[PDB]
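Peer 1: With the first letter of the sequence shown counted as 1, position 87 gets the number 87 in PDB author numbering; the numbers rise by one all the way through.
Even for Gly, the Cβ is constructed at its ideal location relative to N, Cα and C.
Sharing a structure, written as C-alpha coordinates. Questions coming.
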Amino acid sequence: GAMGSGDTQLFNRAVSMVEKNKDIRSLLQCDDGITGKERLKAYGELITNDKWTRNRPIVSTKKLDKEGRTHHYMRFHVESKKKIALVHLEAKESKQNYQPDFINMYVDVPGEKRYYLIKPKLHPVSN
(Lines of atoms letter the chains of each structure in order from A and count residues from 1; the text may use other names and numbers.)
(Lines give C-alpha, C1' and ligand atoms only; values in the text may rest on other atoms or scores of the structure.)
Protein backbone atom coordinates (compact mmCIF):
# COMPACT_ATOMS: atom_id res chain seq x y z
CA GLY A 1 0.00 0.00 0.00
CA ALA A 2 0.93 3.68 -0.32
CA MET A 3 3.44 2.51 -2.93
CA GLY A 4 1.27 4.17 -5.52
CA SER A 5 1.80 7.28 -3.42
CA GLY A 6 0.30 9.38 -6.21
CA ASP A 7 -2.98 9.75 -4.31
CA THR A 8 -1.00 10.14 -1.14
CA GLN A 9 1.15 12.75 -2.84
CA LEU A 10 -1.78 14.41 -4.49
CA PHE A 11 -3.76 14.44 -1.29
CA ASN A 12 -1.03 16.38 0.47
CA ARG A 13 -0.45 18.45 -2.63
CA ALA A 14 -4.18 19.01 -3.13
CA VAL A 15 -4.98 19.55 0.54
CA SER A 16 -2.15 22.00 1.06
CA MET A 17 -3.33 24.22 -1.71
CA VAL A 18 -6.97 24.18 -0.57
CA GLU A 19 -6.14 24.62 3.11
CA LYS A 20 -3.91 27.56 2.36
CA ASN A 21 -5.97 29.16 -0.42
CA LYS A 22 -7.40 32.42 0.88
CA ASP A 23 -10.58 31.93 -1.03
CA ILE A 24 -10.96 28.44 0.28
CA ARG A 25 -9.69 29.51 3.70
CA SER A 26 -12.42 32.09 3.67
CA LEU A 27 -14.80 29.21 2.86
CA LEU A 28 -13.06 27.15 5.53
CA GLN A 29 -13.52 30.03 7.96
CA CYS A 30 -9.75 29.80 8.34
CA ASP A 31 -9.53 32.85 10.55
CA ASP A 32 -6.77 31.99 12.97
CA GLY A 33 -6.79 34.02 16.16
CA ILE A 34 -10.56 34.53 15.94
CA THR A 35 -10.91 32.15 18.88
CA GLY A 36 -7.30 31.37 19.45
CA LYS A 37 -5.84 29.46 16.58
CA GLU A 38 -8.14 26.69 15.39
CA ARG A 39 -7.23 23.27 13.96
CA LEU A 40 -7.95 22.03 10.42
CA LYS A 41 -8.14 18.33 9.53
CA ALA A 42 -8.06 16.49 6.21
CA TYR A 43 -9.00 12.91 5.33
CA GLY A 44 -10.89 10.77 2.82
CA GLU A 45 -14.67 10.28 3.07
CA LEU A 46 -15.24 9.90 6.81
CA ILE A 47 -18.26 7.96 8.07
CA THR A 48 -20.02 7.99 4.70
CA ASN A 49 -21.03 4.33 5.15
CA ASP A 50 -19.33 2.16 7.80
CA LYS A 51 -15.65 2.75 8.40
CA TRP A 52 -12.82 3.28 5.89
CA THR A 53 -13.97 1.86 2.54
CA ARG A 54 -17.15 3.95 2.64
CA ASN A 55 -17.23 6.02 -0.55
CA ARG A 56 -14.10 7.81 -1.68
CA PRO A 57 -11.26 7.62 0.84
CA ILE A 58 -8.05 9.49 0.07
CA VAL A 59 -7.76 7.88 -3.35
CA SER A 60 -7.64 8.83 -7.00
CA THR A 61 -9.83 6.68 -9.23
CA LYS A 62 -6.93 5.63 -11.40
CA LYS A 63 -8.03 5.40 -14.99
CA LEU A 64 -5.66 4.98 -17.88
CA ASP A 65 -8.03 6.41 -20.39
CA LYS A 66 -8.00 6.83 -24.14
CA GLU A 67 -6.15 9.98 -23.22
CA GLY A 68 -2.96 8.02 -22.65
CA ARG A 69 -2.84 9.72 -19.30
CA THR A 70 -3.76 8.15 -15.98
CA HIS A 71 -6.78 10.07 -14.73
CA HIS A 72 -6.75 10.96 -11.05
CA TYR A 73 -10.24 11.58 -9.72
CA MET A 74 -9.61 12.26 -6.05
CA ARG A 75 -11.84 13.53 -3.25
CA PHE A 76 -11.12 14.05 0.39
CA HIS A 77 -12.80 15.70 3.34
CA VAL A 78 -11.40 18.37 5.57
CA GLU A 79 -12.38 19.98 8.80
CA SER A 80 -12.31 23.71 8.66
CA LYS A 81 -12.23 25.97 11.65
CA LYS A 82 -16.04 26.01 11.64
CA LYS A 83 -17.09 23.61 8.84
CA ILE A 84 -16.27 20.22 7.39
CA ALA A 85 -15.36 20.49 3.73
CA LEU A 86 -14.95 18.14 0.81
CA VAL A 87 -12.12 18.59 -1.67
CA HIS A 88 -12.22 17.14 -5.18
CA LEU A 89 -9.22 17.00 -7.47
CA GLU A 90 -8.97 15.82 -11.04
CA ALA A 91 -5.42 15.17 -12.12
CA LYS A 92 -3.87 13.22 -14.91
CA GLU A 93 -0.58 11.40 -15.00
CA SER A 94 1.49 12.67 -17.87
CA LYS A 95 3.88 9.81 -18.63
CA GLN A 96 7.16 9.88 -16.77
CA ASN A 97 6.44 13.14 -15.00
CA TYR A 98 7.12 13.29 -11.29
CA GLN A 99 3.57 14.34 -10.37
CA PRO A 100 0.27 14.00 -12.27
CA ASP A 101 -1.02 17.10 -14.02
CA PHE A 102 -3.86 18.85 -12.20
CA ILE A 103 -6.71 19.28 -14.64
CA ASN A 104 -9.25 20.50 -12.10
CA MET A 105 -9.59 20.76 -8.36
CA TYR A 106 -12.29 22.29 -6.20
CA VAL A 107 -13.59 22.42 -2.66
CA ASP A 108 -17.09 21.49 -1.53
CA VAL A 109 -17.98 23.29 1.71
CA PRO A 110 -21.50 23.10 3.20
CA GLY A 111 -23.17 26.48 2.77
CA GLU A 112 -20.39 27.78 0.49
CA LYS A 113 -20.24 27.84 -3.30
CA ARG A 114 -18.03 25.12 -4.69
CA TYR A 115 -14.65 26.81 -5.07
CA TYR A 116 -12.45 25.81 -7.95
CA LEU A 117 -8.86 25.93 -6.81
CA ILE A 118 -7.84 24.51 -10.18
CA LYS A 119 -9.81 25.26 -13.36
CA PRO A 120 -10.15 22.42 -15.92
CA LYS A 121 -9.74 23.18 -19.58
CA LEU A 122 -13.41 24.12 -19.75
CA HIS A 123 -13.05 25.76 -23.15
CA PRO A 124 -10.97 24.35 -26.04
CA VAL A 125 -8.42 27.17 -26.17
CA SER A 126 -10.91 29.46 -27.89
CA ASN A 127 -13.68 30.76 -25.66
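#1: How should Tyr115 be labelled, buried or exposed, when 16 other C-beta atoms within 10 angstroms of its C-beta is the threshold for buried?
#2: The beta strand (DSSP E) spanning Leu86 covers which residue range?
#3: For the region 53-61 against the region 27-36, do three or more pairs of beta-carbon atoms, one drawn from each stretch, fall closer than 8 Å, so that the two count as touching?
#4: Would you mind sorting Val125 into buried or exposed? The rule is 16 or more other CB atoms within 10 Å of its CB.
#5: With DSSP as the reference, identify every bridge partner of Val59, one or two as the case may be.
#6: Just checking, does the region 101-117 make contact with the region 80-87 on the three C-beta pairs under 8 Å criterion?
#7: With DSSP collapsed to three states, give me the class of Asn12.
#8: Please look up how many angstroms separate the CB atoms of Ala14 and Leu89, rounded, as I've assumed it's under 8 Å.
#9: What residues match up with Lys41 in a beta bridge as DSSP calls it?
#10: Note down the Cα distance separating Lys121 from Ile103, rounded to an integer number of angstroms.
#11: I believe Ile58 touches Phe11 by the beta-carbon criterion, under 8 Å. Please report the beta-carbon distance rounded to the nearest angstrom.
#12: Quick one: is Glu67 buried, meaning 16 or more other Cβ sit within 10 Å of its Cβ, or exposed?
#13: Compare the C-alpha of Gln96 against each of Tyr106, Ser5, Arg69 and name the closest.
Peer 2: Reading off the structure:
#1: The residue in question, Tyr115, is buried, as its Cβ has 16 or more Cβ neighbours within 10 Å.
#2: Looking at the DSSP string, the run of the beta strand (DSSP E) that includes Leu86 is 84-93.
#3: The answer is no - the region 27-36 does not touch the region 53-61, with fewer than three Cβ pairs under 8 Å.
#4: Residue burial annotation: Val125 is exposed, with fewer than 16 other C-beta atoms found within 10 angstroms of its C-beta.
#5: BP columns for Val59 point to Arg75.
#6: Short answer: they touch.
#7: Three-state result, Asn12: helix.
#8: Indeed, because the Cβ distance is near 4 Å, the residues count as touching under 8 Å.
#9: In the DSSP output, where bridge partners are listed per residue, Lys41 has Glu79.
#10: Each residue's Cα considered, the two are about 7 Å apart.
#11: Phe11 and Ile58 do touch by the CB rule: their CB atoms are close to 5 Å apart, below 8 Å.
#12: It counts as exposed.
#13: For the residues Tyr106, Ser5, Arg69, the minimum Cα distance to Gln96 belongs to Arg69.
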